[PDB]
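Below: the structure, in structure tokens.
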Amino acid sequence: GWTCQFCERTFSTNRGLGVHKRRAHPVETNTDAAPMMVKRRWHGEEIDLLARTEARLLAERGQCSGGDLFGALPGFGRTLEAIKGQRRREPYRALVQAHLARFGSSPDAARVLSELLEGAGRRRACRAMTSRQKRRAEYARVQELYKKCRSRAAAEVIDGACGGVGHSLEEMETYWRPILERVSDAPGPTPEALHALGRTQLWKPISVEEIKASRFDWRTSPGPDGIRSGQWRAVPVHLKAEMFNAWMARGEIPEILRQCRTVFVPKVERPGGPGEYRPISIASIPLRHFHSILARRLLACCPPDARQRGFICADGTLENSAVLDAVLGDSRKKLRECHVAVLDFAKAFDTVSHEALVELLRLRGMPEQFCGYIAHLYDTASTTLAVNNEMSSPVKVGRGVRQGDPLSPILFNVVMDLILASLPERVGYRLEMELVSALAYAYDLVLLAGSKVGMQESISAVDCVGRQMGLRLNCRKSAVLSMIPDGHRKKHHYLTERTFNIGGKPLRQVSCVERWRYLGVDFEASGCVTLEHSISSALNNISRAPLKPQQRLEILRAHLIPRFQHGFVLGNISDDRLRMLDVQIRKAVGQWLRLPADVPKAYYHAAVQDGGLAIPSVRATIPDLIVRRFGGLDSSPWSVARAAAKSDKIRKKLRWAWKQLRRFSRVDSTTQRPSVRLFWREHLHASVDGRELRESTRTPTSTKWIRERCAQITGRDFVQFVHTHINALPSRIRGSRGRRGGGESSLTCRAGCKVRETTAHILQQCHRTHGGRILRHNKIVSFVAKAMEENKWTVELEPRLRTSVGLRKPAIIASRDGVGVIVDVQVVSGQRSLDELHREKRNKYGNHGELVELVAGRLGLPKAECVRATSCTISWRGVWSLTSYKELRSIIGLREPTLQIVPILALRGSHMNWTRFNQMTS
DNA sequence: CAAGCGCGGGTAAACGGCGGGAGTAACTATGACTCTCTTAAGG
DNA sequence: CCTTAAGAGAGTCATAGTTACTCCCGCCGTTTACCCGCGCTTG
RNA sequence: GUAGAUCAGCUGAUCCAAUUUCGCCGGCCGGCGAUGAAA
Ligand SMILES: [Zn+2]
Ligand SMILES: [Zn+2]
């Protein structure tokens, strides 16, 4: 008889109806879950602020009471009677007395840099002086990007919308240029704040050892200097040290190397307008390299605050995000009030007054020389916007802190330390007895509080210190999530109406179903739930983008995968959804590669070395990533993370991930650490198609055509190389995988070899194909022959020698300082171990004796033992032979690229044989 | 100087946080019962 | 002189586990709406 | 008609093919630069 009032469904009992609303109709039951606030319990933060206000009030006046405390506390939300009845409590009066007591207290270097600066200045002066054609233009653009700064073209394609900004210099310059030019009027930090913050030598000559000890990824865009990676790599380390010391002592860099080319980058996948682009600054390469060493020095010498884990976020978002999920889950399980403010400091990197930064650096203990250098550098900052090959008039910066400089994120860390210390001390969440207040990600700040008044006080504190620093707290992207349980009913509930005011302009309140992201992670008022299946759109964007099949596979390999498994890891996903995602990815790859549907699953997800296509399968690589990232939580130096590890939700997720990884991996022999690569290798070298693909593991270069060298193979050539590699050729037996009720004519060779029509039969022993076989053979031997004549060998192919036994035909011979070069070329099957075939071909030459003496007489080598027979063997699937690999690596000296290209030749010859057979199929 | 108002001690009569107890809608793992595909050796 | 009695790999789908909730009863600690004055102000 | 082919009704769409635009040094012809997203 019980029926829902929102879905008119019938349920046997009211309990089932209640859970029905809770799962089916969240918003209205959330409204029905709002608690009455008649006699709200007094939480510790209210006690603290009440006692501190009385302490001050008193000290300043001598005698005060609730009638004055209402005036001093407008938004406290407690009546004049509640203040009195609470005031009489003994711990409170003692705590007031506690705060009352506390409150009552080389010429060559010069020449080379002159040449480089002259070249840069010449370049600067020169720079200062239909649907079908639309697609062909996108092809030119995307290819010219993809062979360079690949993460550019990749992001541009997964968000493929002709993503070259678009909004134009116009609409951009009108938005940002006034902001970038307007000098902040920040008064600076008040002495009280500096005293609160108060609760180490940097300037020193550079060292070459630390110059090489500095990591620096050379895969970096130049600036407007026109100094690219290569010419700065040409600069030696001692010269680098000399110039760095010169600039270090002088304190100034040549003007040319301090310019910028500001470029605009979206934050959300769909750019709504000019207010969604981060104006990143790109300076010279030499400046960036010099600055990264100082950045490391400052990071090591002066570690940040304990609660500051945002500028080490290369592997630091793992802790902040994990702790956030843990605290949200804890507040849900034990029904404890929790207010979380997600404040945004985007655009705050360009609103830090130099007048406010210089003295903050001065009074933090930094040396005067360093402060002066930073002040000078930021005083003469001049950028030139560039969008889609169009460049603004020069713009003079007036708010400093360039989002693309090595020091910018650590020089902002001191402002972060100030603002972090500004907040009240005893405000936050007691997660497992440990107090957590702010997980300050470099960009997204987050404030945690127990009660409304404490959260509002923290908001006011951050606003005040931001205003003193000149920082503007944008009220658009910032939000507040409130979790106020209903006592006496054990119902969790979230507020809806806006309550907290960030210096006025009330903030947005998130709710049960509204989706929000704290640094790209799906979130909600209940916690991390799931991702919104944007993979389909990304795959579609890749498919329509003008890419070759190898470039699509590489983008899917390296860029989309990590991008989305980051959120997958921080998310909560069932393995069924991971399986569906894996299937979708597999089908998309099949469409891009024209592979049939009978290809084994392991082929896609096997490692490159093992012969597969990589393509990290989420179903197995996600539990591995979760286990790897959450194993060290219990050993985290930061105590809050250790406390969060105790939360049952994290433990449950870790247990589930361990189970899945155990099911989908094999224990390595050496490290005794589970690995999925072994799992996919074992599965791949088990199926009928993959059985021949066995010796690839022992030979590293055999598969170097899949990922390393897949830049010279054409799209058609690549998609047939992949077809042949996994034996995708549609022979009768291959097509018989499902249908064998037809007569054995349909199972037997088309040309009439009266045997089972196997693919190997087609390539290697069908009569017609013989021709193509020889065409491959010659090709191969000719190719490796050239190697001899770039290794200084007197080569000669096919020795026409008639031994007493008969007419044995060697492939090539050569000579250089002795050492026989009796080399045989073989392209073999894969059903027999390549090493035994190599031995069988080797012994029939070396142990012949008569042939040995014959070739010795032909070459004229003085000693019969001075010769050395050998054969290079590779299966038609393109797998090298280990013994031959070492043989031509060691004896007949050769560089590895030459042996790297042989598989390409072998695969090309094999598929050429197939196409020849198919066109003489008659 | 008496009456009125702001400033503080006392009472007590509903909030509310929690323990104990019995359940279930909605997914979400499988255990296990049905349909296809595969190497040889011995009298 | 070719087989053939077993092996070993998924299937929609049935069934059980599990996850995140539910509502009722009762209990003691909490909180603040009144009540009762004392000290300063005002007529 | 497309850089080329192909499926369509001079136009559209798909490809295993597909280097667009500007400046410059020069002879419709060659070469160079710009067209180069963070740490
Ligand atoms: Zn309903
Ligand atoms: Zn044949």
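Table for the structure above
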| read-out | value |
| --- | --- |
| Complete set of residues in segment A:700-749 that are away from ligand 2 (no atom under 16 Å from the Cβ) and charged (D, E, K, R) | A:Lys704, A:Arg707, A:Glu708, A:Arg709, A:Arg716, A:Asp717, A:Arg737, A:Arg739, A:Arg740 |
| Candidate set: segment A:740-751, residues that are out of contact with any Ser or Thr (no Cβ under 7 Å at 6 or more places or on another chain) and under 13 Å from A:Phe917 (Cα atoms); chosen: the one nearest to DNA strand B (Cβ to nearest atom) | A:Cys749 |
| All positions within segment A:644-670 that are small (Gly, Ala, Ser), farther than 13 Å from A:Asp325 by Cα and surrounded by 14 or more Cβ atoms within 10 Å (Cβ to Cβ) | A:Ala657, A:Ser665 |
| Test: residue in segment A:336-345 that is under 30 Å from A:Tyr494 (Cα atoms), crowded, with 22+ Cβ neighbours inside 10 Å and charged (D, E, K, R) | no |
| Where a residue in segment A:566-590 is assigned by TED's automatic domain parsing to the domain that holds A:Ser617 and its partner, wherever it lies, is among the small types (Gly, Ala, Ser) and crowded, with 18+ Cβ neighbours inside 10 Å, with Cβ under 7 Å and at least six apart | A:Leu570/A:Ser321; A:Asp582/A:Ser617 |
| Positions within segment A:708-759 being small (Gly, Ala, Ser) and either more than 16 Å from DNA strand C (Cβ to nearest atom) or part of a helix (DSSP H, G or I) (or both), in sequence order | A:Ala711, A:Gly715, A:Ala728, A:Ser731, A:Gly735, A:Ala751, A:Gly752 |
| Flag if A:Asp835 is assigned to a strand (DSSP E or B) and under 56 Å from the mean Cα position of the chain (by Cα) | no |
| Residue among A:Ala82, A:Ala154, A:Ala120 that is closer than 21 Å to A:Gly454 by Cβ, assigned to a helix (DSSP H, G or I) and either within 16 Å of DNA strand B (Cβ to nearest atom) or of a type in the set (A, V, I, L, M, F, W, C) (or both) | A:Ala82 |
| Residues of segment A:616-643 satisfying the condition of being surrounded by fewer than 19 Cβ atoms within 10 Å (Cβ to Cβ) and not in a helix (DSSP H, G or I) | A:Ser636, A:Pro637, A:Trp638 |
| Residue match in segment A:179-191 (condition: farther than 25 Å from A:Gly273 by Cα and part of a helix (DSSP H, G or I)) | yes |
| Count of residues meeting criterion [more than 20 Å from A:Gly428 (Cα to Cα) and over 29 Å from the mean Cα position of the chain (by Cα)] in segment A:474-492 | 7 |
| Segment A:137-150: number of residues that are part of a helix (DSSP H, G or I) and surrounded by 12 or more Cβ atoms within 10 Å (Cβ to Cβ) | 9 |
| Of all residues making up segment A:708-742, the number that are within 21 Å of A:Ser922 (Cα to Cα) and small (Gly, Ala, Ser) | 2 |
| Residue that is farthest from ligand 2 (Cβ to nearest atom), among those in segment A:11-34 that are surrounded by 11 or more Cβ atoms within 10 Å (Cβ to Cβ) and not in a helix (DSSP H, G or I) | A:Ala34 |
| Flag if A:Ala94 is over 19 Å from A:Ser451 (Cα atoms), under 53 Å from the mean Cα position of the chain (by Cα) and away from DNA strand C (no atom under 13 Å from the Cβ) | no |
| Hits in segment A:236-246 (condition: within 26 Å of A:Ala125 (Cβ to Cβ) and either surrounded by fewer than 18 Cβ atoms within 10 Å (Cβ to Cβ) or within 16 Å of RNA strand D (Cβ to nearest atom) (or both)) | A:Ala246 |
| Search result, residues across segment A:157-178 that are on the phi > 0 side of the Ramachandran plot and assigned to a helix (DSSP H, G or I) | A:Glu171 |
| Condition met for A:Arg177 (more than 16 Å from DNA strand B (Cβ to nearest atom), of a type in the set (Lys, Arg) and not assigned by TED's automatic domain parsing to the domain that holds A:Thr384) | no |
| Any hit, segment A:760-769, residues being assigned to a helix (DSSP H, G or I), surrounded by 12 or more Cβ atoms within 10 Å (Cβ to Cβ) and within 16 Å of DNA strand B (Cβ to nearest atom) | yes |
| Total residues in segment A:592-651, condition touching a strand residue (DSSP E or B) at 6+ places or on another chain (Cβ under 7 Å) and among the aliphatic types (A, V, I, L, M) | 3 |
| Matching residues, segment A:110-159, being closer than 30 Å to A:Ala241 by Cβ and touching a helix residue (DSSP H, G or I) at 6+ places or on another chain (Cβ under 8 Å) | A:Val112, A:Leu113, A:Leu116, A:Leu117, A:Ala120, A:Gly121, A:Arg124 |
| Segment A:567-584 - residue that is touching a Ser or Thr at 6+ places or on another chain (Cβ under 8 Å) and outside any loop (DSSP other than H, G, I, E, B) and, of those, farthest from ligand 1 (Cβ to nearest atom) | A:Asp582 |
| Long-range neighbours under 6 Å by Cβ, at least six apart or interchain, first residue within 14 Å of A:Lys491 (Cα to Cα) within segment A:17-29, second assigned to a helix (DSSP H, G or I) and within 9 Å of DNA strand B (Cβ to nearest atom) | A:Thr29/A:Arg22 |
| Matching entry among A:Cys749, A:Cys753 (being touching an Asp or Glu at 6+ places or on another chain (Cβ under 7 Å), surrounded by 15 or more Cβ atoms within 10 Å (Cβ to Cβ), farther than 23 Å from A:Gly878 by Cβ and not assigned by TED's automatic domain parsing to the domain that holds A:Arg908) | A:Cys749 |
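All of this is worked out from the model, or read from it or from the source named; no laboratory read-out is quoted. In this analysis, Cβ positions are derived from the backbone assuming ideal geometry, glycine residues included, and neighbour counts consider all displayed protein chains.
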